[PDB]
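Side chains included, hydrogens not; waters and symmetry mates left out as well; all remaining heavy atoms used. Residue numbers start from 1 in every chain, and the chains themselves are labelled A, B, ... in the order their sequence lines are given, proteins ahead of strands.
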Amino acid sequence: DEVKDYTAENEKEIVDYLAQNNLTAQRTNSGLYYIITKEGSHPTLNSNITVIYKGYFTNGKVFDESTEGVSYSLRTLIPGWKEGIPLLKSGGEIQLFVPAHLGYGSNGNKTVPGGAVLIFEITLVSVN
Amino acid sequence: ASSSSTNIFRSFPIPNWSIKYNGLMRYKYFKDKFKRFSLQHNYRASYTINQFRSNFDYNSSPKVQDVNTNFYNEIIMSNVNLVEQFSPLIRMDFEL
Amino acid sequence: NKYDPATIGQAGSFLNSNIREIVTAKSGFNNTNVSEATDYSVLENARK
Amino acid sequence: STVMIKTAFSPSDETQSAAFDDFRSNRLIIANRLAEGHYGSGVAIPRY
């Protein structure tokens, strides 16, 4: 029908962003790039977390934010969060570079277009 | 289902029909005692969403799945109705 | 409060998954002094 | 206004319904199409 592949374009855009800004990011097998700025003293799939994240586009425009702690079940979130959050502990800080297939997909939603790369700055304050 | 529409709403209505046929009065029914004869058929079908609404859970937050692990839907409704009526399916009205 | 249906039986909820079933509704509470008609009520085919 | 005369004369009772069997079978087809729409063929579609 209208099946659109964005994996190569998303990877190229993420690499170009990590080149323009002097950032070194680890890459998972699913195509997600993450930078662990700090850690704590590990949330699982069946775990509630509190976050102070901020999510924007490659141009810096913020599409989502929570300046106050918000609680999530970590099973209801996008796959990028599902594989990025368990990589640190309470008090840790991460920067995710989620591609579309791990974000909001090829169709997207309102205020997030299809095939878009999302950058998340997530602070994990609690793992309970 | 491989090519049918996955949209909630429809743009083009499909026509419903009413058919009347007084066409047997002139073949041989003059001498078959028939002083009247007609056939009638009717079909009317509708697809109705009594109440749809936008979903607040369909937002920009990272939370995308509900308690049933289903993706949130932008437009949510409680019921869908498919009503079909043959009124009549067939009506034969004649007089000898 | 801890009766949040979104947090049923996560870490410190007052409800278990048994709260979802009519047969095990009473056992779905993590507290002790819960009554079948004071703290909660149950219907099997409730009409909207 | 719509037309569904194609299933009008299929038998449908408490023991059999061809249209309801089609309803049951169409769920996986529709879910797969929606998954292709969401995961756009660049990755294997995750399943349960």
Side-chain angles (χ1 to χ4, degrees), chain A residues 1-37 43 45 51 53-65 72 74-88 93-122, chain B residues 1-3 6-7 58-66 69-74, chain D residues 28-48:
Chain A
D1 280 303
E2 188 77 336
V3 193
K4 276 158 308 152
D5 190 6
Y6 288 102
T7 37
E9 307 97 281
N10 287 148
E11 175 114 18
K12 211 269 189 172
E13 172 152 293
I14 293 157
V15 165
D16 284 1
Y17 187 91
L18 295 178
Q20 296 335 292
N21 322 57
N22 187 45
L23 309 167
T24 286
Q26 288 121 295
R27 185 201 196 273
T28 79
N29 203 233
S30 56
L32 166 89
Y33 289 77
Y34 63 95
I35 301 162
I36 297 182
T37 277
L45 195 272
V51 291
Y53 72 104
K54 145 161 149 271
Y56 48 98
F57 295 122
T58 20
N59 49 37
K61 193 232 303 177
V62 170
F63 63 82
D64 207 42
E65 222 176 343
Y72 290 128
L74 191 49
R75 57 161 29 101
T76 73
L77 312 177
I78 49 172
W81 283 49
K82 272 152 161 222
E83 49 195 309
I85 299 298
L87 287 184
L88 44 86
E93 242 277 354
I94 207 164
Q95 219 198 141
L96 299 183
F97 289 89
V98 198
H101 66 276
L102 305 171
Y104 299 104
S106 294
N107 34 24
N109 54 43
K110 299 176 57 168
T111 71
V112 171
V117 168
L118 325 159
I119 308 160
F120 285 100
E121 277 167 332
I122 304 160
Chain B
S2 317
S3 35
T6 62
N7 288 345
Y58 190 83
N59 48 47
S60 55
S61 77
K63 182 192 212 296
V64 290
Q65 293 176 272
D66 50 44
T69 72
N70 286 312
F71 283 139
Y72 286 119
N73 295 312
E74 181 174 349
Chain D
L28 191 49
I29 302 155
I30 295 307
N32 278 334
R33 287 174 61 196
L34 292 179
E36 312 151 14
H38 184 260
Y39 323 94
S41 82
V43 297
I45 284 163
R47 320 221 165 230
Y48 279 97

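Looking at B:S60, its side chain never comes within 3.5 Å of a backbone N or O of A:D64 through a donor-acceptor pair. Looking at A:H101, its side chain does come within 3.5 Å of a backbone N or O of A:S30 through a donor-acceptor pair. Using modelled atom types, one side-chain atom of A:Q20 and one backbone atom of A:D16 make a donor-acceptor pair closer than 3.5 Å.
When all heavy atoms of D:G37 and A:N107 are compared, the pair lying nearest together is O-ND2, 3.4 Å. Contact detail for A:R75 and B:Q65: the closest heavy-atom pair is O-OE1, 3.3 Å. Taking each heavy atom of A:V3 and D:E36 in turn, the nearest pair found is CG1-O, 3.5 Å. Here the closest non-hydrogen pair linking A:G103 and A:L118 is CA-CD1, 3.9 Å. Taking each heavy atom of A:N10 and A:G115 in turn, the nearest pair found is ND2-O, 3.5 Å. Across all their heavy atoms, A:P99 and A:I14 have their closest contact at CG-CD1, 4.0 Å.
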Going through the distances and angles, do A:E121 and A:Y56 end up as a side-chain contact (heavy atoms from CB on, under 4.5 Å)?
-> CA-CA 9 Å; A:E121 277 167 332; A:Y56 48 98; 3.5 Å; yes
Quick one: do A:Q26 and A:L87 satisfy side-chain contact (heavy atoms from CB on, under 4.5 Å)? Show the steps, please.
-> CA-CA 11 Å; A:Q26 288 121 295; A:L87 287 184; over 6 Å; no
Side chain to side chain donor-acceptor pair (under 3.5 Å) between A:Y33 and A:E11: does it pass, once the steps are laid out?
-> CA-CA 9 Å; A:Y33 289 77; A:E11 175 114 18; 2.3 Å; yes
Could you walk me through whether D:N32 and D:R47 pass side-chain contact (heavy atoms from CB on, under 4.5 Å), step by step?
-> CA-CA 10 Å; D:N32 278 334; D:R47 320 221 165 230; 2.7 Å; yes
Check step by step if side-chain contact (heavy atoms from CB on, under 4.5 Å) holds for A:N109 and B:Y72.
-> CA-CA 11 Å; A:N109 54 43; B:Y72 286 119; over 6 Å; no
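To the nearest 0.5 Å, atoms OG (A:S106) and CG (A:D5) are separated by 7.5 Å. From A:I35, atom CD1 reaches atom OG1 of A:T24 across 7.5 Å, with rounding to the nearest 0.5 Å. A:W81 CH2 to A:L32 CG: the interatomic distance, rounded to the nearest 0.5 Å, is 12.0 Å. With values rounded to the nearest 0.5 angstrom, D:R33 atom CZ is found 5.5 Å from B:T6 atom OG1. Atoms CG and CD, from B:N59 and B:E74 in turn, are 11.5 Å apart once rounded to the nearest 0.5 Å. Between A:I122 atom CD1 and A:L77 atom CG the span is 9.0 Å, to the nearest 0.5 Å.
B:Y58 and A:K110 share no side-chain donor-acceptor pair at under 3.5 Å.
Between A:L96 and A:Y53, every side-chain heavy-atom pair lies at or beyond the 4.5 Å cut-off. Residues A:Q95 and A:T37 have side chains not in contact (no heavy-atom distance under 4.5 Å, counting atoms from C-beta outward). A 4.5 Å side-chain heavy-atom check between A:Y104 and A:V98 finds every atom pair outside the cut-off. The shortest distance between side-chain heavy atoms of A:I119 and A:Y17 falls below 4.5 Å.
Environment of CG in B:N70: crowded, with over 12 heavy atoms of neighbouring residues, nucleotides or ligands closer than 6.0 Å.
Using cut-offs of 30° and 60° for the angle between ring planes, the B:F71 and D:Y39 rings count as tilted.
Residue A:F120 forms a ring pair (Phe, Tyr, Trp, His ring centres under 6.0 Å) with just one option from A:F57, A:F63, A:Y34, and that option is A:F63.
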